[PDB]
């Protein structure tokens, strides 16, 4: 009953309750001829919501805040973007308009500025070297070296063990690595390992696109990366 690409008209957003006070958001985008689903996270912050990743574009992101309001009723006050690609930063401006404070690592900020994609206002200190981790309200942000992009963050909800992989973790059903335009394929499976090791207590893994699952996604993701490589 996790929503899939075929049940979401582009422009619309679904919320999926992952755990007490942790939801994923799912939306769809035109990409490479195809239509992709894409995931993010919303996490209760005591009094407010912390948002991980935009809904992939202004419209979606508008649709996203509206859906939150109607289903949760708490105010999104902060947003973290896990990499500089448009499915992560696309709609920052809408979030800013909405009074949301946007964050990304300095690394993501540089890389997104260079590409002319929307740029997260604030900078996260403490993530520049691989294996680093900072606490950001109810989540831990972790920088597992380079995988799908050189700046990809992953996110742990310790009060639920929910691991959000971002675009560096593939869904089981997925057979290829993704857009590999900016990937570090050589480093990527080491980076995935750095995640396995740092988060063994993880009960749910959420991938950048597709159905969630368990720690198997990291392994699945590793094989997948190895396989594209020859």
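Positions refer to the first chain, counted from 1.
Mean C-alpha temperature factor, higher of 83-91 and 112-120: Higher mean C-alpha B-factor in the PDB entry: 112-120.
Average Cα temperature factor in the PDB entry - higher stretch of 41-49, 22-30: Higher mean C-alpha B-factor: 22-30.
Residue 61 by Cα B-factor - lowest, middle or highest third of the modelled chain: Lowest third, going by the recorded CA B-factors of the chain.
Chain third (lowest, middle, highest) by recorded CA B-factor, residue given as residue 55: Tercile = lowest for this residue's CA B-factor.
Chain third (lowest, middle, highest) by recorded CA B-factor, residue given as residue 68: Answer is lowest: the recorded C-alpha B-factor places it there.
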